[PDB]
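Down below is the structure, laid out as structure tokens.
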Amino acid sequence: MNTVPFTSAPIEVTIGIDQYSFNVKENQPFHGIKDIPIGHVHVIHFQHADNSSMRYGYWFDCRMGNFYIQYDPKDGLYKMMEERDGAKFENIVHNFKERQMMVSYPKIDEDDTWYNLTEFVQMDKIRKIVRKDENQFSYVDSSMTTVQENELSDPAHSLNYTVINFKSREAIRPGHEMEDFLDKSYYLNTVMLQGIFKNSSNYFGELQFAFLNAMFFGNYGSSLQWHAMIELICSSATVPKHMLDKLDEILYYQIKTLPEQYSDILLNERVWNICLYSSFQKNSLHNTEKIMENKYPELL
Amino acid sequence: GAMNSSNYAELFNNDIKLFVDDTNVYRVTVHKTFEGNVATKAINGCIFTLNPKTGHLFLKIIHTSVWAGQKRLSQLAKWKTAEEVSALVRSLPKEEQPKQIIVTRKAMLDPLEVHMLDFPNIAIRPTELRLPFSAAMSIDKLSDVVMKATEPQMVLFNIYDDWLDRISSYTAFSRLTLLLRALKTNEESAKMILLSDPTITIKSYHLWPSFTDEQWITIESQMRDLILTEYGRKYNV
């Protein structure tokens with residue numbers, strides 16, 4: 001198990017680690033998070049008590065290096081940093097663990113929730129969506145726009161999600177206008193899966209990452225990308241059976257994890273009604289249809 | 001966005017535009033079968049593509065053969081309309097291509113937008129105007145060319161005959177919409193108004209009779225009366 005030490009907590013903040021969250025008081029003797037499960041990406045995220053503006057956070061993988069958080073009083077945020085000195089890092093962690101100044105990543109042994117939400121998410125793919133090649137971890141926030149939002153503005157600070165546009169020359173072959181518009185199979189299978197993603201794992205990785213940035217940061221463009229990637233599969237007549245089975249599992253754990261009280265801002269009525277009740281795949285999402293009908297029947 | 005009464009003068013400015021109406025593309029008669037089921041039989045249709053400034057009508061005749069062995073014909077009809085308008089634009093020289101295409105029905109927007117992706121500077125717009133272009137098939141010479149077609153055909157008309165020699169395109173469009181509204185509301189009565197006087201004929205190269213300016217005033221008044229009479233009849237008012 002791996003550790004993200006904190007130098008200090010000089011401002012009052014709600015700290016997230018994956019699906020968990022903890023309130024830290026201003027100048028509380030908080031020095032970080034231990035027992036973080038190896039084998040998964042994680043996200044450590046922040047919302048200031050005195051300014052709920054900018055949810056922001058860091059995607060990281062403890063296998064890729066030793067990472068700590070230090071508050072920057074100039075830029076006014078908790079920053080992730082890499083510690084390149086192995087023995088210094090081990091010595092800082094040891095002192096803080098001994099003085100019991102760290103919260104334990106609170107994983108229930110029965111609980112596959114985080115694995116189920118990040119099954120296809122890999123740090124190398126995150127680092128291609130979030131471009132800052134000098135760090136092994138990725139910064140995301142509330143207000144970061146997508147490459148697609150910026151086409152319709154600082155490109156450095158953008159989420160480079162794969163552009164999906166149903167009314168684009170990419171989505172519609174000349175001579176197959178009606179066919180390709182009504183049946184997105186071409187767009188999904190040749191352009192997106194064979195062409196850009198190479199495989200369904202990379203496509204599901206980006207979908208899962210989009211969802212988590214929508215949920216953990218309230219990032220609007222991320223929410224648009226998550227819905228677009230769902231609608232692209234559901235609006236295709238021809239999808240490999242393994243992909244539909246895996247999509248149902250993916251969506252089920254997303255809908256299961258979503259805070260009930262954020263359903264009105266995180267879920268697009270049109271897309272879900274269309275995917276569950278009108279689309280080619282309206283009968284292929286049994287688990288997702290059942291949780292949606294039982295937890296959010298007001299949306300449908 | 002959408003074209004209404006606020007921006008009505010826009011139809012008669014120097015930006016080339018076309019109205020597209022798909023109402024008469026897919027046309028059927030409904031009939032009982034020997035077993036007492038119901039069956040449709042398609043008849044020849046047409047796309048009504050009009051320049052409101054010039055009167056130039058691009059009448060694309062949709063022959064019943066294009067439906068043979070096809071499914072969901074009401075859906076296909078929208079996409080076949082979009083395909084044919086796209087083909088018309090590509091056939092026109094650049095300086096004749098429209099800057100705007102206004103569809104009379106919102107269901108044409110996505111089909112036409114998808115067929116015209118290669119023309120991102122041609123705006124595809126709906127209209128809040130209720131335009132009586134469905135009554136095009138009440139114009140004897142248009143109905144005649146559609147029903148006689150044995151194959152897909154494009155026929156070119158000026159729907160204003162020679163009116164623009166005497167009146168503006170605003171007034172010519174106003175006259176056309178009133179005539180088509182009258183033909184749509186009470187076809188028999190409208191045609192009676194247009195042909196009642198045998199001394200006024202339709203030139204071989206025209207669609208409408210050769211009314212003097214004073215006679216067009218009388219005809220227009222009789223058309224308004226017909227529409228008002230039929231409104232009274234409908235609503236018992």
Side-chain angles (χ1 to χ4, degrees), chain B residues 8 11-12 18-25 27 29 43-62 104 127 129-149 153-235:
Chain B
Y8 188 72
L11 295 179
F12 318 117
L18 300 167
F19 277 113
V20 165
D21 183 88
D22 71 316
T23 297
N24 288 308
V25 169
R27 301 208 290 158
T29 59
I43 65 172
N44 288 350
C46 66
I47 309 163
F48 185 97
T49 303
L50 175 64
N51 190 323
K53 176 94 173 143
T54 66
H56 287 202
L57 166 66
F58 303 88
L59 198 76
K60 178 64 196 228
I61 305 187
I62 304 296
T104 62
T127 186
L129 295 184
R130 49 278 192 183
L131 291 164
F133 298 150
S134 69
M137 288 299 91
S138 293
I139 303 172
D140 289 323
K141 286 181 188 191
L142 301 190
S143 186
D144 282 347
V145 72
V146 166
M147 290 312 288
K148 292 197 215 305
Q153 179 174 3
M154 164 77 87
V155 189
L156 305 186
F157 296 97
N158 190 328
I159 204 167
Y160 295 157
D161 295 341
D162 65 343
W163 303 342
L164 294 183
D165 295 345
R166 300 196 67 95
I167 63 176
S168 68
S169 59
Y170 183 108
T171 301
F173 194 78
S174 293
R175 182 182 290 163
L176 173 69
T177 58
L178 174 64
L179 289 171
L180 288 177
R181 181 59 63 200
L183 281 164
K184 189 161 181 184
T185 307
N186 194 321
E187 184 187 21
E188 172 228 304
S189 301
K191 292 181 171 199
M192 280 181 56
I193 293 170
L194 286 165
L195 322 180
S196 71
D197 178 347
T199 67
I200 322 159
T201 64
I202 305 175
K203 298 286 151 299
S204 56
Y205 47 87
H206 282 168
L207 298 178
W208 315 97
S210 297
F211 293 125
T212 70
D213 301 346
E214 293 314 305
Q215 285 170 343
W216 267 123
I217 301 293
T218 305
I219 292 302
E220 287 167 345
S221 297
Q222 289 172 332
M223 292 304 186
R224 271 185 309 269
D225 295 342
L226 174 164
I227 294 158
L228 218 217
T229 290
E230 285 308 318
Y231 174 94
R233 198 237 152 278
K234 323 292 180 85
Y235 295 107

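All heavy atoms count here, side chains included; hydrogens, waters and symmetry mates do not. Per chain, numbering begins at 1; letters A, B, ... match sequence-line order.
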Which atom names give the shortest non-hydrogen contact between [X] and [Y], and what distance separates them?
| X | Y | answer |
| --- | --- | --- |
| B:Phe48 | B:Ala136 | CD1-CB, 3.5 Å |
| B:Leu183 | B:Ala190 | CD2-CB, 3.6 Å |
| B:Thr54 | B:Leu164 | O-CD1, 3.7 Å |
| B:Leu207 | B:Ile139 | CB-CG2, 4.1 Å |
| B:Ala172 | B:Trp163 | O-CZ3, 3.8 Å |
| B:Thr104 | B:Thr127 | CA-CG2, 4.2 Å |

Nearest 0.5 angstrom please: [X] [atom1] to [Y] [atom2], how far?
| X | Y | atom1 | atom2 | value |
| --- | --- | --- | --- | --- |
| B:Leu226 | B:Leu178 | CG | CG | 9.0 Å |
| B:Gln215 | B:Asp197 | CD | CG | 7.0 Å |
| B:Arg27 | B:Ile43 | CZ | CD1 | 3.5 Å |
| B:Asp22 | B:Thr49 | CG | OG1 | 10.0 Å |
| B:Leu129 | B:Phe173 | CG | CZ | 7.0 Å |
| B:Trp208 | B:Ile219 | CH2 | CD1 | 11.5 Å |

Fit a plane to each ring of B:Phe12 and B:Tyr8, take the angle between them on a 0 to 90° scale, and name the class: parallel (under 30°), tilted (30 to 60°) or perpendicular (over 60°).
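Correct class here is perpendicular.
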Taking 4.0 angstrom as the limit, do B:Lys203 and B:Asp161 come out as a salt bridge?
no
Is the closest basic N to carboxylate O distance between B:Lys191 and B:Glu187 below 4.0 Å?
yes
So [Y] and [X], do their side chains get closer than 4.5 Å, heavy atoms only?
| X | Y | value |
| --- | --- | --- |
| B:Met223 | B:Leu194 | yes |
| B:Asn24 | B:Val146 | no |
| B:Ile62 | B:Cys46 | no |
| B:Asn186 | B:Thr229 | no |
| B:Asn158 | B:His56 | yes |
| B:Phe211 | B:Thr218 | no |
| B:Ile167 | B:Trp216 | no |
| B:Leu142 | B:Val155 | no |

Is there a donor-acceptor contact under 3.5 Å from the side chain of B:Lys141 to the main chain of B:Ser204?
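Checked: pair present.
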Short question: side chain of B:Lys53, backbone of B:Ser169 - any donor-acceptor pair under 3.5 Å?
no
Should we say atom CE of B:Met192 is surrounded by more than 12 heavy atoms from elsewhere, each under 6.0 Å from it?
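No, CE of B:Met192 has 12 or fewer neighbouring heavy atoms, counting only those of other groups under 6.0 Å.
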Exceeds 12 heavy-atom contacts within 6.0 angstrom, atom OH of B:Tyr170:
no
